[PDB]
C-alpha cells in the first residue's frame, strides 16, 4: 500500500524546514545543520516491500543522503539503501556487492557503541549499508527492491531483526545546507 508514516527528526543543530505534503510527497530545506533525518514511508517496515520514489529536487550542498532508511529490533539494526549523496559517500566495513534496480551497490557494516538509537542514547547496534557505486540519476520514477538488499545482506551474514520499526525514503544531512523534494509510494 501507499505511505502511512511521516518522519521528522533533528538533533537541534541549524535549521531544518520540512513539508509533509499531499500523498507521499515531502520537501526539505535545510541550513548549516547538525544531524537530521526527514522522510515518508511506513510505520511497519517490510522485507518484501518494493519502494517507489521520484526525487524532483536533489540538491545537497555538503553531506546529504538520499536513502532508504529504517530500523529493526531483535537484534537492533539501523539500515540504509543509499541511492545518492552530496560531498560525502558513506562507507563502512566492506562486505561485497549487490546488483539491484539497474545499479551496483557496495555492501558495508558498521557497529556503533554507546550511540543513540530508537532504543536509547547509549546503545550498541550495527548499521547495514547498501551504497550505490555511483550517484543514481534523479527526477524520474525509481524503484528500490528492498528484498534484493535483504537477500544479499543475509548472504553476507547480515541478519535483520524480527521486529520491524519504521521504513522511509529519507533525506539525511550532517553539517550541510540544501534543497530537496521527494514523492514516495
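Residue numbers count along the first chain shown, from 1.
Legend: mean Cα B-factor per stretch from the PDB entry, 139-147 versus 29-37; the higher mean is in 139-147.
Two stretches are in play, 116-124 and 64-72, and the higher mean C-alpha B-factor belongs to 116-124. In this PDB entry, the Cα temperature factor of residue 89 sits in the bottom third of its chain's modelled residues, the lowest group.
Among all modelled residues in this chain, the alpha-carbon of residue 167 has a temperature factor (C-alpha) in the middle third. For residue 55, the recorded CA B-factor ranks within the middle third of the chain. Only modelled residues enter the ranking. Ranked against the other modelled residues of its chain, the C-alpha B-factor of residue 129 as given in the entry falls in the lowest third.
In the deposited entry, the Cα temperature factor of residue 14 sits in the middle third of values across the chain's modelled residues.
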